[PDB]
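The block underneath contains the structure these notes are about, expressed in structure tokens.
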Ligand SMILES: [Cl-]
Ligand SMILES: [Cl-]
Ligand SMILES: [Xe]
């Protein structure tokens, strides 16, 4: 298991524009296109992202490309963030993947705001962090996914994904 496979599981793969768990226009492997209610707008962002007139649909390869770029940007964002990087460098490889997943889903800004969980993770207080992480909107809105990420932080193994 790796970051790519883990997110491909959490996110799924869809070749036509769809709305995510929050009602926003997305395509591929959880690639958010826009928060705008407009489908034209979503189509417009898509075409710009792909470099062609896609008309709302893309190929598997195009989807994989976006995903690569998105995973890359997520790591980069973590490494460029002063509240995140330290946590991330302090973690083992499995738990780093959990942190990337959250960033991919919620943006760096949003993850940087879990101050207390970030500190517990940094101190290696696994159970405590897992309890604190669940006290969140993220956990109440997408509980299944959140449980898998949380278990990963708690155990440092990929069991939630096996
Ligand atoms: Cl893009
Ligand atoms: Cl979920
Ligand atoms: Xe976190």
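How large is the Rg to Rh ratio of region 1-53 when both quantities use alpha carbon positions and Rh follows Kirkwood?
Value, to two decimals: 1.02.
What nm distance separates the two modelled labels at residue 65 and residue 161, each placed 7 Å from Cα along Cα→Cβ?
2.5 nm
Would you mind calculating the gained length between residue 126 and residue 20 on full extension (0.36 nm times residue separation, minus the Cα-Cα distance), in nm to one decimal?
35.2 nm
Relative to the longest principal axis of the C-alpha atoms of the chain, give the angle of the C-alpha long axis of helix 60-80, reported between 0 and 90° and rounded to the nearest 10°.
The two axes meet at around 40 degrees.
For residue 135 and residue 35, calculate 0.36 nm times their separation in residues minus their Cα-Cα distance, and state this gained length in nm to one decimal.
Gain on extension, residue 135 to residue 35, equals 33.5 nm.
When N is the residue count of region 1-90, what does its C-alpha Rg come to as a fraction of 2.2 N^0.38 Å?
1.18
Tell me what the chain gives for mean residue ellipticity at 222 nm when only DSSP H runs of n ≥ 4 count, each as -39,500 (n - 2.57), the sum divided by the residue total, rounded to 500 deg cm²/dmol.
Theoretical 222 nm ellipticity from helices: -19500 deg cm²/dmol.
With angles folded into 0 to 90 degrees, how steeply does helix 143-155 sit against the dominant principal axis of the chain? Use alpha carbons for both and round to 10.
Approximately 40 degrees, to the nearest 10.
Determine the gain in length on full extension of the stretch residue 82-residue 109; use 0.36 nm per residue of separation and subtract their C-alpha separation, reporting nm with one decimal.
The residue 82-residue 109 span can extend by a further 8.6 nm.
Can you tell me the 0 to 90 degree angle between the C-alpha axis of helix 39-50 and the longest principal axis of the chain, rounded to 10?
Relative to the chain, helix 39-50 is tipped by roughly 80 degrees.
For the chain, which semi-axes, largest first and in whole Å, follow from the square roots of 5 times the eigenvalues of its Cα gyration tensor?
Each semi-axis is √(5λ); the values are 29, 15, 15 Å.
Bear in mind these aren't lab numbers, they're just calculated from the coordinates by the rules spelled out. Because the Cβ atoms are built from the backbone with ideal geometry, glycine has one as well, and the counts that use them run over all protein chains shown.
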